[PDB]
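Beneath this line is the structure, given in C-alpha cells, with notes to follow.
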Amino acid sequence: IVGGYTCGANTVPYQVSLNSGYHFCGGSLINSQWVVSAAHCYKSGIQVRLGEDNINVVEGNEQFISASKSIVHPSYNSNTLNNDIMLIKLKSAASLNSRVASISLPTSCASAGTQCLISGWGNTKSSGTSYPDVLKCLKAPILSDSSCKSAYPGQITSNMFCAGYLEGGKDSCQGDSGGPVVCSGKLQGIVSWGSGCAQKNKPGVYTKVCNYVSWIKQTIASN
Ligand SMILES: NC(=[NH2+])c1ccc2[nH]c(-c3ccccc3O)nc2c1
Ligand SMILES: [Ca+2]
Numbered sequence: 007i008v009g010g011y012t013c014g015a016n017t018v019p020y021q022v023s024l025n026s027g028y029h030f031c032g033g034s035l036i037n038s039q040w041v042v043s044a045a046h047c048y049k050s051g052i053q054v055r056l057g058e059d060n061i062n063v064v065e066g067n068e069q070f071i072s073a074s075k076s077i078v079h080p081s082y083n084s085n086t087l088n089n090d091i092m093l094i095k096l097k098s099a100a101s102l103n104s105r106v107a108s109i110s111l112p113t114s115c116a117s118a119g120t121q122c123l124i125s126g127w128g129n130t131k132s133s134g135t136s137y138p139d140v141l142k143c144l145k146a147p148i149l150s151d152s153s154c155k156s157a158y159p160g161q162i163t164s165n166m167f168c169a170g171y172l173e174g175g176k177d178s179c180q181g182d183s184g185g186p187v188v189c190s191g192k193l194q195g196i197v198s199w200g201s202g203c204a205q206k207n208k209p210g211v212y213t214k215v216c217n218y219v220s221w222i223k224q225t226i227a228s229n
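The number in mature numbering (1 follows the signal peptide of the UniProt record, and there is no 0) is simply the position in the sequence shown, starting from 1, with 6 added.
Below, the structure is given as C-alpha cells:
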C-alpha cells in the first residue's frame, strides 16, 4: 500500500496473509473455513495466516491453517485477469473472535464515489520495493466507469472497477494482490492489478465481487 497508514493491530479482522515460506498475497475470511483471494495468487503449498499484524513476529492472536483446496474461477483468464477470484477452503475451521472475524459479501454492487478501505502488507513505494512488517490501510473511493475505461482503454471488463486517486500518491501495490476492498462493511473488491503503483492517471483495478456472490455461495455449498 503506497500513501496509506498503519491500520493498528487486528483492526481489520478479516484480512489474511497467504504464506508459502514468505507473504506473497492477501485474502479475506468470509466464514470460518473459506477465504476469497485473487486467482493470480494461486500456487500449491499455501498456509493461511489469520490474526496477523506484524508478519515477521508471532505476537499472539495468530492462527496458521493450511489450505485443503484452492478453487480458481473456471473462466479466469491470466492474460486479461478477467474473473480474477479464487476460493481457498481451510483444513480446519478458524476460531472466530474479535481479532479473527469474517466479512460479509455484498447484496448490491457499490457506486462510484463510495469510500472503501483497502489493506495489505504490499510494497509502500511506487519506485523500488519497501515491504512493511505491519498491516497498512488506505481509504480510496470507487471511480466512475468512464474515468476507469479512459485510464485503461480496452482493458476493463464488467467484472472490474477502478478505485483510487488519479493525482497519484496513494494506491494498493505488489504484495497487496488478493486482499480486500471493503465498503460499508461489505467485501466489494479484491486487489487485482494496476500499472505501476500510485502513478498519476493509473488507478488500481479490482475484481467486482458483487458479480460473483451467487458463484461463491453455490461453490461453497457444493464443497
Ligand atoms: N498498482 C496496483 N494497484 C497494484 C495492485 C496489486 C498488484 N499486484 C501486483 C503484482 C505484481 C507482480 C506479481 C503479482 C502481483 O499481484 N502489482 C500490483 C499493482
Ligand atoms: Ca505476527
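No residue lacks a Cβ here, since even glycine has one placed at the ideal position from N, Cα and C.
Does the distance from the C-beta atom of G185 to that of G33 stay below 9 Å?
Reading the sequence shown from its first residue, position 179 is the one you call residue 185. Reading the sequence shown from its first residue, position 27 is the one you call residue 33. Closer than 9 Å, so yes.
For the structure I just gave you, are there three or more beta carbon pairs, one from the stretch 127-146 and one from the stretch 164-179, closer than 8 Å?
Segments in contact, yes.
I71 CB to nearest heavy atom of ligand 2 below 8 Å
Counting from 1 along the sequence shown, the entry for residue 71 is found at position 65. The answer is no for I71.
Buried or exposed: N207, going by 16 or more other Cβ atoms within 10 Å of its Cβ?
Here residue 207 refers to the residue found at position 201 of the sequence shown. Exposed: under 16 other Cβ atoms inside 10 Å.
Using the Cβ count rule (16 or more neighbours within 10 Å means buried), how would you classify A227?
As a working mapping, residue 227 is identified with position 221 in the sequence shown. Counting Cβ neighbours within 10 Å, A227 comes out exposed, since fewer than 16 surround it.
Does DSSP put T163 in a helix, in a strand, or in coil?
Numbered from its first residue, the sequence shown carries residue 163 at position 157. In this structure, DSSP gives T163 a state outside helix and strand, which the three-state scheme calls coil.
Rounded separation between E58 and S133 - CA only
Position 52 of the sequence shown, counted from the first residue, corresponds to residue 58. Position 127 of the sequence shown, counted from the first residue, corresponds to residue 133. So the two alpha carbons sit approximately 27 Å from each other.
Using three-state DSSP, classify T225 as helix, strand or coil.
Locating residue 225 in the sequence shown gives position 219, counting from the first residue. Assigned with DSSP and collapsed to three states, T225 falls in helix.
Could you check whether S183 and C13 sit closer than 9 Å to each other, using their CB atoms as the reference points?
The residue given as residue 13 occupies position 7 in the sequence shown. The residue given as residue 183 occupies position 177 in the sequence shown. Cβ distance not < 9 Å, so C13 and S183 don't count as in contact.
I'd like to confirm something about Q161: is its beta-carbon nearer than 8 Å to some heavy atom of ligand 1, or not?
Reading the sequence shown from its first residue, position 155 is the one you call residue 161. No; taking the cut-off as 8 Å, the Cβ of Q161 has no heavy atom of ligand 1 nearer than that.
First through last residue of the beta strand (DSSP E) which encompasses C31:
Taking the first residue of the sequence shown as 1, we reach residue 31 at position 25. Where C31 is concerned, the enclosing beta strand (DSSP E) stretches over 29-37.
For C216, report the span of its beta strand (DSSP E) as first-last.
By one-based count along the sequence shown, residue 216 stands at place 210. Note, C216: premise wrong, no beta strand (DSSP E); not H, not E.
Select from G119, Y158, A107 the residue whose C-alpha is nearest the C-alpha of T17.
In the sequence shown, counting from the first residue as 1, residue 17 sits at position 11. Here the closest residue by C-alpha is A107.
Am I right that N89 and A45 are in contact with their C-beta atoms under 8 Å? What's the rounded C-beta distance?
By 1-based counting over the sequence shown, the position of residue 89 is 83. By 1-based counting over the sequence shown, the position of residue 45 is 39. At roughly 7 Å, the Cβ-Cβ gap stays under 8 Å, so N89 and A45 are in contact.
Can you determine whether any heavy atom of ligand 1 sits closer than 8 Å to the C-beta of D182, and answer yes or no?
Your numbering for residue 182 matches position 176 in the sequence shown. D182: yes, Cβ under 8 Å from ligand 1.
Can you give the Cα-Cα distance for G9 and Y137, rounded to whole angstroms?
As a first step, residue 9 is located in the sequence shown; it is residue number 3 there, counting from the start. As a first step, residue 137 is located in the sequence shown; it is residue number 131 there, counting from the start. Going by the C-alpha atoms only, they are around 13 Å apart.
Local Cβ density within 10 Å of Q121, reported as buried at 16 or more and exposed below that
Along the sequence shown, one-based indexing puts residue 121 at 115. Label assigned to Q121: exposed.
Can you tell me where the alpha helix (DSSP H) holding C154 begins and where it ends?
Stepping through the sequence shown from its first residue, residue 154 is reached at position 148. Counting along the chain, the unbroken alpha helix (DSSP H) around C154 starts and ends at 151-157.
Whole-Å CB distance - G170 paired with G119, under 8 Å assumed
Stepping through the sequence shown from its first residue, residue 170 is reached at position 164. Stepping through the sequence shown from its first residue, residue 119 is reached at position 113. About 13 Å; that fails the 8 Å criterion.
CB of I77 within 9 Å of CB of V188, strictly:
Counted from its first residue, the sequence shown places residue 77 at position 71. Counted from its first residue, the sequence shown places residue 188 at position 182. Not closer than 9 Å, so no.
Just to check, is the beta-carbon of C143 closer than 8 Å to a non-hydrogen atom of ligand 1?
The sequence position of residue 143 within the sequence shown is 137, counting from 1. Outside the cutoff, so no.
Do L56 and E68 count as a contact pair if the criterion is CB distance below 9 Å?
Here residue 68 corresponds to residue number 62 of the sequence shown, with the count starting at 1. Here residue 56 corresponds to residue number 50 of the sequence shown, with the count starting at 1. Contact annotation: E68 and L56 have beta-carbon atoms nearer than 9 Å.
Helix, strand or coil, according to DSSP, for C47 in the structure here?
As a working note, residue 47 is residue 41 in the sequence shown. Looking at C47 - three-state DSSP - the assignment turns out to be helix.
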